[PDB]
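Here the structure is laid out as structure tokens; the discussion comes afterwards.
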Amino acid sequence: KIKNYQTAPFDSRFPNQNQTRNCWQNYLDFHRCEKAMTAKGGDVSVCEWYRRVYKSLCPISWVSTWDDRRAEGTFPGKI
Amino acid sequence: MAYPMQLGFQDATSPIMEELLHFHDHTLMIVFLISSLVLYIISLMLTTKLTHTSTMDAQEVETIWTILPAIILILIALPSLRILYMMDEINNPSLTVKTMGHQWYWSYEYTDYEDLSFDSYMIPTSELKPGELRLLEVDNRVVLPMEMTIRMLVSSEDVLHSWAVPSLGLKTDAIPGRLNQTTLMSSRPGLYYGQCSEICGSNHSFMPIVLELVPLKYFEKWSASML
Amino acid sequence: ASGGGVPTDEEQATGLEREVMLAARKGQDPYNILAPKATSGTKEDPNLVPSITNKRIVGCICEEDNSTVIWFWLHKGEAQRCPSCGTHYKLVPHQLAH
Amino acid sequence: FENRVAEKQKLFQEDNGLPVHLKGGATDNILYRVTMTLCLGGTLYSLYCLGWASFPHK
Amino acid sequence: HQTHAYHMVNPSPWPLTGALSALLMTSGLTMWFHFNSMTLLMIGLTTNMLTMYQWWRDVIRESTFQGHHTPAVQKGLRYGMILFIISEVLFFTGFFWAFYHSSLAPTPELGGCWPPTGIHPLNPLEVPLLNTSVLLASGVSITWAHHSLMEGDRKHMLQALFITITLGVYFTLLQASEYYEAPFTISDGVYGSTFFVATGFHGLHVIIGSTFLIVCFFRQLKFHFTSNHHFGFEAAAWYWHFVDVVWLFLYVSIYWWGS
Amino acid sequence: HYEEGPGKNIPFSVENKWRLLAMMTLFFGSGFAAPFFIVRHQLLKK
Amino acid sequence: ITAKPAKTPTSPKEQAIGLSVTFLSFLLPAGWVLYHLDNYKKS
Amino acid sequence: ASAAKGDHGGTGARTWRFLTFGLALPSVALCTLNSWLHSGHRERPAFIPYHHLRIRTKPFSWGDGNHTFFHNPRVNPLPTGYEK
Amino acid sequence: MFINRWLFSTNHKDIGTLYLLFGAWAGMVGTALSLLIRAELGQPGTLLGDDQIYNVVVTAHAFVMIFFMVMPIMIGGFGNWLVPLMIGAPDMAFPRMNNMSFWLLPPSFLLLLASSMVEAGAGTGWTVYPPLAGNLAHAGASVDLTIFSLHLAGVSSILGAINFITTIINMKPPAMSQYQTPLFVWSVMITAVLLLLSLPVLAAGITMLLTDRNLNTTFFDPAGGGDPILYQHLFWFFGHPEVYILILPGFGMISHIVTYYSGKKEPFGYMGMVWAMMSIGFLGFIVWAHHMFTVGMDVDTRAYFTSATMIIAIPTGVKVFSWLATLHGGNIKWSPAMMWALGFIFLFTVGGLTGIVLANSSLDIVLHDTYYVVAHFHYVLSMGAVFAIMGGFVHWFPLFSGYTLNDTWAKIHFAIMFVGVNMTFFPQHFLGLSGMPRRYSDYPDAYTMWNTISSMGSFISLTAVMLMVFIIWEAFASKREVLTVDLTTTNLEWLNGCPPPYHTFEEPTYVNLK
Ligand SMILES: CCCCCCCCCCCCCCCCCC(=O)OCC(COC(=O)CCCCCCCCCCCCCCCCC)OC(=O)CCCCCCCCCCCCCCCCC
Ligand code: HEA
Ligand code: HEA
Ligand SMILES: CCCCC/C=C\C/C=C\C/C=C\C/C=C\CCCC(=O)O[C@H](COC(=O)CCCCCCCCCCCCCCCCC)COP(=O)(O)OCCN
Ligand SMILES: CCCCC/C=C\C/C=C\C/C=C\C/C=C\CCCC(=O)O[C@H](COC(=O)CCCCCCCCCCCCCCCCC)COP(=O)(O)OCCN
Ligand SMILES: CCCCC/C=C\C/C=C\C/C=C\C/C=C\CCCC(=O)O[C@H](COC(=O)CCCCCCCCCCCCCCCCC)COP(=O)(O)OCCN
Ligand SMILES: CCCCCC/C=C\CCCCCCCCCC(=O)O[C@H](COC(=O)CCCCCCCCCCCCCCC)COP(=O)(O)OC[C@@H](O)CO
Ligand SMILES: CCCCCC/C=C\CCCCCCCCCC(=O)O[C@H](COC(=O)CCCCCCCCCCCCCCC)COP(=O)(O)OC[C@@H](O)CO
Ligand SMILES: CCCCCC/C=C\CCCCCCCCCC(=O)O[C@H](COC(=O)CCCCCCCCCCCCCCC)COP(=O)(O)OC[C@@H](O)CO
Ligand SMILES: CCCCCCCCCCOC1O[C@H](CO)[C@@H](O[C@H]2O[C@@H](CO)[C@@H](O)[C@H](O)[C@@H]2O)[C@@H](O)[C@H]1O
Ligand SMILES: CCCCCCCCCCO[C@@H]1OC(CO)[C@@H](O[C@H]2O[C@@H](CO)[C@@H](O)[C@H](O)[C@@H]2O)[C@@H](O)[C@H]1O
Ligand SMILES: C[C@H](CCC(=O)O)[C@H]1CC[C@@H]2[C@H]3[C@H](O)C[C@@H]4C[C@@H](O)CC[C@]4(C)[C@@H]3C[C@@H](O)[C@@]21C
Ligand SMILES: C[C@H](CCC(=O)O)[C@H]1CC[C@H]2[C@@H]3[C@H](O)C[C@@H]4C[C@H](O)CC[C@]4(C)[C@H]3C[C@H](O)[C@]12C
Ligand code: CUA
Ligand SMILES: [Cu+2]
Ligand SMILES: [Mg+2]
Ligand code: NA
Ligand SMILES: [Zn+2]
């Protein structure tokens with residue numbers, strides 16, 4: 001719905017060679033949205049865009065390490 | 001790839017690399033001119049019995065050899081900067097692929113739709129198949145669709161490395177904890193080689209990069225079969 | 001608020017420091033701290049170059065603002081001329097330390 | 001305290017041909033030998049350590 | 001006999017003992033970090049202290065006792081000190097660069113914010129502010145000491161110099177307690193790294209400067225300084241001001257802005 | 001002071017050209033040989 | 001520049017000797033190590 | 001700026017002493033008051049094994065290799081948490 | 001007396017001599033390392049069979065050539081010997097501290113040789129970038145001993161800088177302004193200022209690497225929020241000024257040699273020469289990131305660094321053309337020193353021009369970390385510095401020793417070296433353009449031809465170095481004492497005889513104010 005995604009589009013907020021924050025921001029956004037939805041009684045499907053973008057941009061080991069830390073309670077980012 | 005006795009750049013595979021060839025031709029002409037001129041004048045100053053050892057005035061000829069060089073530098077900078085910004089232009093890719101450097105091999109990840117990933121190691125010289133290139137072949141190549149704008153994201157999981165493909169005009173350092181972006185676009189199908197370009201220890205010389213450019217349709221079946 | 005107890009150079013300076021100080025007071029420069037002023041440098045009015053031996057290296061800045069300094073040994077005896085501008089210099093030897 | 005600089009000036013300007021680092025007397029000589037012995041000995045010891053560290057102790 | 005005012009120094013063994021002590025300290029640090037032994041380091045630090053003591057003792061002998069410091073020699077020593085201080089400024093600049101580089105673009109590993117997640121900075125209005133008033137005050141008192149010396153007032157020179165030193169020691173003690181009380185350590189990421197290495201090197205400079213002042217204090221007690229010739233004191237004062245200014249930058253950058 | 005003049009302002013002797021040849025040969029030869037022996041050292045440790 | 005004749009002239013024979021000795025001091029040690037490179041690689 | 005005081009007719013030893021005792025030391029006294037007032041041990045925060053903190057890539061060259069140089073048991077947790 | 005003179009020295013000439021001896025010895029070490037590099041690359045395959053050893057060899061080659069050969073010779077050797085003589089000063093401002101700048105080098109060299117002896121050496125590249133240089137990829141004492149070597153070499157040079165700047169500012173005749181000092185003296189002062197400002201930043205940076213390796217700091221470790229790129233900035237902030245530090249005293253000696261053998265009383269456009277060196281010095285501090293065009297920097301930053309870097313060609317051009325204008329109309333003396341200077345002018349210009357090709361970030365993407373860079377710096381730095389050193393050495397050897405060299409042998413030496421270095425390095429441009437990476441122990445088969453020729457060229461240069469040693473021996477063996485020297489009126493350093501007495505200028509020169 002409103003998707004049909006090929007890959008993460010150009011984001012004017014991150015126009016330079018260093019894309020580290022682009023990955024990080026979308027990872028955060030997806031998880032913040034996922035928590036809002038699961039909490040207030042709504043659907044995680046609205047959080048889809050962020051999931052696709054961070055999935056396309058973020059290295060597997062980063063996503064993996066971050067997931068592990070959120071589970072351990074050591075994720076330094078605010079979610 | 002480079003061939004025996006090559007003098008200049010590998011043949012341009014992308015529009016940007018073509019652009020650089022022309023810019024290099026332009027600049028190299030200038031380099032030849034100035035170096036030969038200097039060599040010339042040296043020989044000119046040394047081939048005469050005529051002398052003039054008294055004090056010579058400088059605030060006049062110094063204007064010439066200050067303004068001319070400045071103009072020549074601007075003549076180089078203009079096309080240099082035009083290409084630099086052109087490389088930077090927003091292109092909007094159809095695909096995103098990531099590569100992680102490791103001691104000593106590269107791994108690739110195509111995670112736009114499916115979670116596809118694999119390691120890419122150099123084929124040992126003893127295991128090369130007849131006709132294959134020593135130090136250049138890898139077990140798993142980087143299959144990519146030709147004639148499409150692709151976003152390459154480069155990083156590392158240990159020390160620094162550098163992902164390069166001379167034919168496409170590419171070189172982006174692989175730094176741990178950082179995600180470097182570059183765009184790739186091959187005008188032709190084929191196999192394009194590159195080698196790790198940042199000293200990463202013992203096997204820095206042995207962790208090549210091999211891109212395999214095929215039509216989109218073949219890229220898609222390859223991705224499926226690679227899951 | 002105030003008082004004394006701190007020695008002065010006059011009372012405590014010693015060695016070469018003291019010599020330079022006492023000489024400067026008499027308006028002398030035995031240790032070549034100052035740049036000598038030129039005479040007209042003619043045959044009759046040569047630049048007098050003090051020395052404690054029978055020769056001293058002279059550096060001549062022929063014209064004001066020249067970056068090139070002309071160097072040569074000035075020997076005791078008849079006045080010599082700068083190889084570049086011809087101005088005259090004459091050595092006036094010995095003494096300093098009584 | 002009293003100003004005894006003049007005494008020290010006399011002692012160090014005394015024409016005995018001794019270099020400034022030994023001109024204070026026998027203590028200078030001792031301190032010097034201690035310093036130099038520690039330096040030279042310590043250096044020999046470092047060379048030894050280098051020899052030791054140069055080889056693998058598996 | 002020479003007829004210029006410069007100083008030809010007697011052949012000295014200190015440059016060699018100094019160089020060797022440098023080898024002993026670096027070798028020692030290596031032996032300590034990797035081969036768990038402090039023997040070399042111990043000898044190194046010892047010969048180093050011995051070298052500095054004898055070398056500067058000789059400089060005092062050459063100037064106060066032998067009179068080799070004519071105005072020309074003193075002029076050169078002034079340039080030497082200013083240049084030395086400049087090199088020290090550039091050294092600190094490298095650490096301030098490291099601080100600003102990390103703090104201005106906090107990486108995801110820190111939580112993408114500064115200070116990092118999990119770091120609770122010291123309150124800059126507490127001991128760090130006290131430390132600031134302490135160094136600023138010592139800057140005033142050392143200026144009083146200098147004017148006293150030049151006006152020929154022995155008692156007040158010693159009084160002002162003593163106050164300056166006490167303040168330097170007070171700063172050092174306060175900082176040492178701050179180091180102990182701090183909830184973060186040098187191993188607490190880039191925050192602890194920049195904090196302790198930068199303030200640490202500064203702390204070392206305060207200790208060096210204090211020592212230099214103490215040396216001037218004793219030389220003053222022994223009447224070495226005249227109301228006009230006292231370069232050792234002037235250099236210690238310039239060095240002390242340098243230390244004071246580095247603190248102001250540290251305070252503003254690391255303690256205040258970086259909190 | 002010290003001896004002055006040609007062959008006297010240097011830390012080595014040039015009184016005998018053959019002893020000098022030996023000195024120079026050891027001096028420069030040791031420097032040039034060092035890397036070869038260090039490489040040999042590193043290959044022989046493992 | 002002008003100079004006086006050699007106080008201790010070095011004849012052509014003496015020069016061949018000096019040159020030879022010089023070249024050998026560089027070439028022999030290095031050559032030895034290089035020659036025995038295989039003996040080192042695996043031992 | 002010009003401060004808020006005045007003198008300047010001749011800055012000498014008396015003036016700098018006036019500043020030492022009339023401004024500088026009193027400032028140190030006030031800051032000493034302020035500090036030895038707002039002190040008091042603040043309740044140490046709950047331990048969380050954050051990966052960017054308590055870094056250990058090589059043991060320290062002292063003690064058991066796991067304690068920082070100026071380790072304070074009360075406020076400095078080890079990689080595994082606060083001590084006994 | 002021997003120990004007093006040579007271990008406890010406070011004389012600028014004797015200290016200069018210790019530096020020339022140290023530097024010549026270091027050059028032998030640096031040369032052997034370079035032949036080991038080229039032997040490994042001499043034919044396809046592996047020679048050493050241990051690439052960590054190859055990397056350790058490349059790393060040590062650079063440190064030795066830079067810190068132990070070039071700097072000691074140019075600044076400590078020629079600088080100590082010539083600067084006081086050229087301004088009529090009795091010695092350096094701090095003649096005792098000067099001795100410590102010297103004595104810190106042998107320990108520094110020992111620490112470097114130690115790092116290659118212990119563990120598996122530091123196979124990091126002379127840039128020592130982490131994480132490769134960190135305690136995980138390079139565990140053990142090696143990298144730490146390397147860092148300490150640099151600390152001692154850094155202290156030596158910083159103290160030497162303070163000494164030279166003070167001496168040049170404070171010890172000239174009362175009537176001589178800074179605009180009346182020789183160009184070599186200017187080149188040393190400017191070099192000293194760059195050293196003074198740049199070395200402390202390196203010191204800061206390598207100290208941070210040391211603490212990351214041993215005190216659990218994470219300045220360059222992403223896990224603690226650090227950044228490997230920060231080290232690069234700190235290194236290169238020192239690194240670029242360093243390359244200008246390596247060439248400046250060379251520019252100074254070249255000006256003297258060219259002026260001297262053109263039979264001129266002065267170099268053309270003195271003030272333009274001063275201006276050029278100062279501008280090069282200034283600009284040399286704002287172009288460092290051109291060593292980081294591939295690390296992933298903003299495009300605007302890259303455009304700035306490309307531009308700032310190109311501007312250096314202007315002041316550099318004024319020097320080149322001024323040397324040529326000094327030759328113009330001269331009564332040319334084809335001495336061996338003049339040949340080195342002329343070779344310098346040409347080879348330096350070639351290397352400088354390829355540096356301008358590299359300044360373009362666009363092109364650098366493809367040239368970075370390839371042999372094109374190695375070719376660039378071996379022309380400007382290797383040939384440039386070595387040629388200036390050889391020219392100055394042959395020119396001033398009679399002043400330092402009191403003996404003359406055999407000119408014919410010296411000309412033969414120049415010829416062999418000229419062939420050797422061009423055969424060794426010219427083909428490397430081809431290797432770079434075609435894509436061969438630097439720091440490689442082996443290469444794809446296509447690169448075989450140029451690598452073979454390059455390694456052959458390296459042996460030619462070895463022959464030249466061995467011959468140089470023989471030539472120096474012959475000079476000392478024959479003992480042809482100097483009698484007369486031309487142009488002493490504009491070359492003060494020669495005015496006190498060959499060799500000049502222990503103490504020169506006990507009675508200073510007389511210079512009128514007018
Ligand atoms: C040693 C190996 C030589 C191999 C030669 C080529 C074989 C070709 C086969 C067959 C040739 C024809 C078929 C292939 C054409 C390929 C065209 C190409 O893609 O084009 C680009 C290529 C090839 O460029 C060329 O088109 C080759 C140019 C060669 C210039 C040589 C000058 C040589 C001088 C002395 C001999 C060399 C050593 C000393 C060099 C001293 C410094 C120059 O790559 C370059 O850019 C290389 C050069 C890099 C920049 C150096 C700049 C300053 C150099 C010299 C100034 C001298 C001035 C005075 C005049 C010269 C005075 C001495
Ligand atoms: C003697 C030392 C020395 C000197 C003087 C220079 C001088 C210059 N260098 Fe070079 N350089 C090095 C030593 C030196 N370099 C080293 C050691 C490295 C590699 C380090 C490493 O990675 O290990 C390097 C690397 C290097 C790089 C990084 C390449 C890379 O890693 O990808 C760049 C980038 O711009 C560069 C540029 C230049 C430029 C523009 C000059 C300019 O200053 C040159 C100017 C001179 C001329 C241009 C010629 C004379 C001028 C004229 C005749 C006038 C007319 C000219 C024009 C109008 C163009 N250098
Ligand atoms: C001053 C700097 C200097 C000098 C002179 C040299 C000289 C030489 N270098 Fe260089 N080299 C570097 C600095 C220098 N190099 C640096 C910085 C690197 C990069 C390291 C890295 O990547 O980390 C490098 C890397 C390097 C490589 C690339 C390695 C790789 O990428 O894997 C190669 C390859 O051929 C090479 C070869 C040589 C050769 C054959 C010589 C010489 O044989 C050429 C001929 C010169 C001489 C033989 C010197 C003679 C001098 C004397 C003996 C002094 C005499 C003294 C008196 C008279 C007082 N060097
Ligand atoms: C545990 C913490 C550690 C503490 C800190 C560590 C180190 C500090 C070290 C030393 C300094 C302390 C005292 C110095 C002691 C004796 C000085 C002796 C000379 C003397 O008594 O000097 C007098 C003034 O000193 C005097 O009041 C002495 C002055 C004391 C000043 C500070 C007291 C403040 C009082 C309250 C005022 C605050 C109000 C603020 C107003 C606004 C400010 C602008 C002037 O006299 P005279 O007749 O002109 O001189 C004849 C020759 N001496
Ligand atoms: C009281 C304030 C004054 C500070 C200095 C006083 C004592 C420490 C000893 C030497 C310090 C000198 C310079 C600083 C070097 C490293 C930073 C040290 C700053 C410091 O002391 O920081 C401490 C760490 O100590 C540590 O590791 C320190 C470990 C001690 C070993 C020192 C390591 C030696 C490395 C020196 C490198 C030398 C290179 C310098 C080159 C100069 C130019 C060439 C902080 O304590 P912590 O427990 O982590 O947190 C406190 C939690 N309650
Ligand atoms: C965010 C960053 C964080 C880190 C910051 C950390 C700290 C901050 C910085 C600084 C503060 C520290 C201390 C300041 C206190 C005292 C310093 C001493 C100055 C002093 O008191 O200087 C006096 C006079 O000024 C003189 O020297 C004037 C003469 C100077 C001579 C030496 C300079 C020579 C060096 C090279 C020359 C430069 C050329 C300029 C032109 C270049 C154009 C590009 C002493 O006299 P003198 O030498 O005989 O000279 C005779 C001239 N009157
Ligand atoms: C000085 C007078 C000349 C004026 C010219 C200007 C030059 C330098 C001063 C400017 C410094 C402040 C600029 C900061 C603003 C940008 C904030 C920022 O964010 O910059 C940061 C680094 O700045 C940093 O440490 C900056 C750290 C400092 C580097 C500059 C080096 C010069 C220092 C030596 C000079 C000696 C002076 C002696 C002192 C008295 C990080 O870099 P980014 O690329 O953003 O990375 C983020 C990515 O995820 C997205 O791409
Ligand atoms: C636990 C403590 C140990 C820590 C290690 C360091 C310890 C102490 C360092 C303190 C430095 C003490 C220096 C004492 C110098 C005494 C000699 C002196 O001060 O000598 C003076 C000259 O100045 C001169 O050389 C000026 C000499 C300048 C020296 C200043 C150098 C500071 C040293 C810093 C070293 C570390 C660098 C930082 C590390 C990262 C003598 O001339 P005057 O004073 O005019 O006398 C003449 C009159 O009497 C005539 O009437
Ligand atoms: C990993 C650990 C690395 C450790 C490396 C340690 C290296 C060496 C350690 C031992 C060195 C200490 C020995 C004392 C040195 C004193 C030098 C000094 O005080 O030198 C003076 C000159 O410098 C002046 O003034 C002003 C300059 C004063 C310089 C003080 C020397 C301090 C040495 C440390 C420098 C660090 C560089 C700082 C930047 C990072 C005096 O000059 P002299 O020629 O002596 O005399 C001239 C006579 O006319 C005097 O009457
Ligand atoms: C550029 C200027 C800087 C030069 C380098 C600075 C030198 C710093 C010296 C640090 O040395 C020390 O090291 C120790 C480690 O060996 C300590 O002992 C300790 O370490 C132990 C050994 O395991 C324990 O037994 C103890 O509890 C104790 O804390 C210790 O007190 C301290 O003196
Ligand atoms: C990069 C710089 C290097 C330049 C190349 C060196 C040029 C050649 C130098 C000659 O050196 C040697 O020659 C040998 C062979 O000709 C060796 O002998 C060896 O080989 C033998 C004969 O094959 C034996 O007689 C002995 O046991 C032996 O060790 C070997 O010792 C060595 O000294
Ligand atoms: C004894 C001497 C007077 C002059 C002289 O020595 O003849 C006096 C005058 C001022 C000095 C003192 C100053 O008043 C400052 C200090 C104040 C005291 O609380 C402790 C000692 C103190 C550190 C000093 C000790 C004292 O012995 C000094 C050195
Ligand atoms: C004014 C100054 C010194 C002149 C003197 O006092 O002798 C001279 C020295 C070198 C000159 C510079 C150099 O000749 C290089 C440039 C040449 C151009 O003709 C003018 C600007 C230019 C940048 C010059 C400006 C100015 O005339 C300079 C800077
Ligand atoms: Cu990976 Cu080089
Ligand atoms: Cu550079
Ligand atoms: Mg690179
Ligand atoms: Na090889
Ligand atoms: Zn004249």
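Within each chain, counting starts at residue 1; across the structure tokens, chains are named A, B, ... in the order shown, with ligands numbered 1 upward in that order.
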
If we count only C-alpha atoms, which residues of chain C reach to within 10 Å of chain D? Please list them as a VMD selection string.
chain C and resid 5 to 7 11 to 15

Nearby polymer residues, ligand 4, at most 9 Å, only C-alpha atoms and all ligand atoms, as a PyMOL selection string
(chain C and resi 1-3) or (chain E and resi 134+155-156+159-160+162-171) or (chain H and resi 14+17-30+32)

For region 50-60 of chain C, list every protein, DNA or RNA residue within 8 Å, evaluated using only C-alpha atoms, and leave out those in the same chain fewer than 5 positions away; present the list as a list in words.
residues 69, 70, 71, 72, 73, 74, 75, 76, 82, 91, 92, 93, 94, 95 and 96 of chain C; 507, 508, 509, 510, 511 and 512 of chain I

Give me a file of those residues, with N, CA, C and O atoms, as an mmCIF file, in the first residue's frame.
```cif
data_model
loop_
_atom_site.group_PDB
_atom_site.id
_atom_site.type_symbol
_atom_site.label_atom_id
_atom_site.label_comp_id
_atom_site.auth_asym_id
_atom_site.auth_seq_id
_atom_site.Cartn_x
_atom_site.Cartn_y
_atom_site.Cartn_z
ATOM 1 N N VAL C 69 75.433 40.606 0.819
ATOM 2 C CA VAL C 69 76.463 41.234 1.633
ATOM 3 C C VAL C 69 77.815 40.776 1.077
ATOM 4 O O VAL C 69 77.989 39.600 0.773
ATOM 5 N N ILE C 70 78.729 41.727 0.886
ATOM 6 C CA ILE C 70 80.063 41.465 0.360
ATOM 7 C C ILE C 70 80.982 41.271 1.547
ATOM 8 O O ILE C 70 81.136 42.184 2.374
ATOM 9 N N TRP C 71 81.585 40.086 1.625
ATOM 10 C CA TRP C 71 82.462 39.698 2.737
ATOM 11 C C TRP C 71 83.944 39.601 2.378
ATOM 12 O O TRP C 71 84.290 39.052 1.329
ATOM 13 N N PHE C 72 84.813 40.106 3.255
ATOM 14 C CA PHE C 72 86.257 40.045 3.005
ATOM 15 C C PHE C 72 87.068 40.325 4.241
ATOM 16 O O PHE C 72 86.602 41.017 5.148
ATOM 17 N N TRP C 73 88.267 39.760 4.288
ATOM 18 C CA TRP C 73 89.165 39.987 5.403
ATOM 19 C C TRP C 73 89.837 41.340 5.253
ATOM 20 O O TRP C 73 90.400 41.643 4.196
ATOM 21 N N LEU C 74 89.716 42.170 6.285
ATOM 22 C CA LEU C 74 90.377 43.473 6.319
ATOM 23 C C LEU C 74 91.669 43.271 7.126
ATOM 24 O O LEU C 74 91.610 42.872 8.294
ATOM 25 N N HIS C 75 92.827 43.481 6.496
ATOM 26 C CA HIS C 75 94.120 43.293 7.170
ATOM 27 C C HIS C 75 94.729 44.595 7.670
ATOM 28 O O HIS C 75 94.439 45.675 7.150
ATOM 29 N N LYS C 76 95.580 44.473 8.686
ATOM 30 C CA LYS C 76 96.259 45.628 9.256
ATOM 31 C C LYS C 76 97.150 46.230 8.170
ATOM 32 O O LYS C 76 97.791 45.501 7.391
ATOM 33 N N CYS C 82 86.056 47.835 -0.635
ATOM 34 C CA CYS C 82 85.059 46.790 -0.867
ATOM 35 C C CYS C 82 85.190 46.415 -2.339
ATOM 36 O O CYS C 82 85.171 47.292 -3.197
ATOM 37 N N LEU C 91 91.769 48.878 9.301
ATOM 38 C CA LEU C 91 91.813 48.200 10.581
ATOM 39 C C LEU C 91 92.572 49.046 11.598
ATOM 40 O O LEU C 91 93.610 49.631 11.276
ATOM 41 N N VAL C 92 92.023 49.138 12.808
ATOM 42 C CA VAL C 92 92.619 49.870 13.923
ATOM 43 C C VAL C 92 92.717 48.813 15.028
ATOM 44 O O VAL C 92 91.832 48.685 15.862
ATOM 45 N N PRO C 93 93.795 48.006 15.020
ATOM 46 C CA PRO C 93 94.003 46.934 16.008
ATOM 47 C C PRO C 93 94.185 47.116 17.531
ATOM 48 O O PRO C 93 94.260 48.227 18.057
ATOM 49 N N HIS C 94 94.068 45.955 18.190
ATOM 50 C CA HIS C 94 94.261 45.672 19.622
ATOM 51 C C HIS C 94 93.580 46.369 20.808
ATOM 52 O O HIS C 94 92.924 47.410 20.685
ATOM 53 N N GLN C 95 93.828 45.728 21.958
ATOM 54 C CA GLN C 95 93.424 46.060 23.336
ATOM 55 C C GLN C 95 92.159 45.461 23.983
ATOM 56 O O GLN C 95 92.197 44.287 24.392
ATOM 57 N N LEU C 96 91.064 46.234 24.077
ATOM 58 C CA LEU C 96 89.797 45.784 24.701
ATOM 59 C C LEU C 96 90.014 45.573 26.207
ATOM 60 O O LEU C 96 89.652 46.435 27.021
ATOM 61 N N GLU I 507 85.835 36.753 17.203
ATOM 62 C CA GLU I 507 85.722 38.191 17.064
ATOM 63 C C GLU I 507 84.716 38.259 15.916
ATOM 64 O O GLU I 507 85.019 37.837 14.787
ATOM 65 N N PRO I 508 83.515 38.794 16.179
ATOM 66 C CA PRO I 508 82.502 38.872 15.125
ATOM 67 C C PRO I 508 82.906 39.704 13.919
ATOM 68 O O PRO I 508 83.879 40.464 13.962
ATOM 69 N N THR I 509 82.163 39.531 12.829
ATOM 70 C CA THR I 509 82.390 40.297 11.604
ATOM 71 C C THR I 509 82.034 41.768 11.861
ATOM 72 O O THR I 509 81.296 42.081 12.791
ATOM 73 N N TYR I 510 82.561 42.666 11.033
ATOM 74 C CA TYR I 510 82.256 44.092 11.151
ATOM 75 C C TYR I 510 81.296 44.407 9.998
ATOM 76 O O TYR I 510 81.613 44.143 8.827
ATOM 77 N N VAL I 511 80.123 44.958 10.326
ATOM 78 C CA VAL I 511 79.124 45.334 9.315
ATOM 79 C C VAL I 511 78.522 46.707 9.659
ATOM 80 O O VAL I 511 77.854 46.854 10.680
ATOM 81 N N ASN I 512 78.798 47.690 8.806
ATOM 82 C CA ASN I 512 78.324 49.075 8.933
ATOM 83 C C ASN I 512 76.852 49.206 8.738
ATOM 84 O O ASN I 512 76.287 48.612 7.821
#
```

Show me which residues are within 7 Å of ligand 6 counting only C-alpha atoms and all ligand atoms, and format the list as a ChimeraX atom specification.
/E:75,78-79,82-83,89-90,92-93,96,238-239,241-242,245-246,249 /I:165,193,282

Run DSSP on the backbone of this structure and report the residues of region 157-308 of chain I it assigns to alpha helix (DSSP H), as a count of residues only.
104

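The coordinates place CA of residue 429 (chain I) at 9.1 Å from atom 54 (C, counted along the ligand's line) of ligand 1.
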